[PDB]
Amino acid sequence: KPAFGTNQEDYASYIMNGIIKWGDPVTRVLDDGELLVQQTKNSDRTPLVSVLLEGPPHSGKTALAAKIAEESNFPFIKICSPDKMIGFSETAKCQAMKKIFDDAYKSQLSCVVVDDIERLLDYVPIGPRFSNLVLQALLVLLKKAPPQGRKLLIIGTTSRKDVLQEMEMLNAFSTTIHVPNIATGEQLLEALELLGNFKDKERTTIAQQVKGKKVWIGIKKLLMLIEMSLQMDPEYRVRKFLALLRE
């Protein structure tokens, strides 16, 4: 248990492979986040600010949300994660979630990350089915101002903005930030360079196949394809990589 009104998060587990600048959108996400941190800390009109980072799966939403939170330097920073509520009933999740906000309210400046909203709400498109009790708790928490004078920045992440819109959750968030997949051959080459896994000859081959072209892959997904490619004999790593990227 941390000091009263404080909390230091373990960003290592949420950003295990860093934050590489593979393209302009990465900088845009971080800059927009810092502006929201600025607004939260300095505003009396809007002491409660919430933002939803959303994009396709594996695009890097969680790590970016954790980075924005980390850069806020707020006394209280906590990440509400589903991997800490495995098997939890609706009530159990609401109590756990409510506890986090209760502790946040004790700090003058706090930031709470509500990560992977779809999992927190136990959503599944078949039906669909989901925990309405948890959804309702979240809709209220997103609009509950901390006690007078104290500020709170809520950062949510999701790969299903569409579902959250149907649930009326978008009306609860102050704004949203799109977290895109790598979309161009250039951005893809930049990522590979910053990650440094292939030799120039290999990157050249890849480049010939992707430069000036369009791709669609999340940074987290790219990490896996690379690692799978590296298990091949040196002479087949590139072939494997392009094949995986292809299908």
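The numbering used is simple: start at 1 and walk along the sequence shown.
Enquirer: Which is higher in the entry, the mean Cα B factor of 99-107 or that of 133-141?
Expert: Averaged over C-alpha atoms, the B-factors run higher in 99-107.
Enquirer: Read off the CA B-factors in the entry, average them over 122-130 and over 147-155, and name the higher stretch.
Expert: According to the PDB entry, the answer is 147-155.
Enquirer: Choose from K221, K67, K214, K61 the residue with the greatest Cα B-factor as stated in the PDB record.
Expert: When the deposited C-alpha B-factors of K221, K67, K214, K61 are compared, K214 is largest.
Enquirer: Taking only the Cα B-factors deposited for this chain, tell me whether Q39 sits in the lowest, middle or highest third.
Expert: Middle third by C-alpha B-factor.
Enquirer: Based on the deposited C-alpha B factors for this chain, I'd like to know if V51 is in the lowest, middle or highest third.
Expert: It falls in the bottom third of the chain.
Enquirer: Which third, lowest, middle or highest, does the C-alpha temperature factor of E166 belong to within its own chain?
Expert: Middle third of the chain for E166's C-alpha B-factor.
Enquirer: Can you tell me whether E90 has a C-alpha B-factor in the lowest, middle or highest third compared with the other modelled residues of the same chain?
Expert: Middle third.
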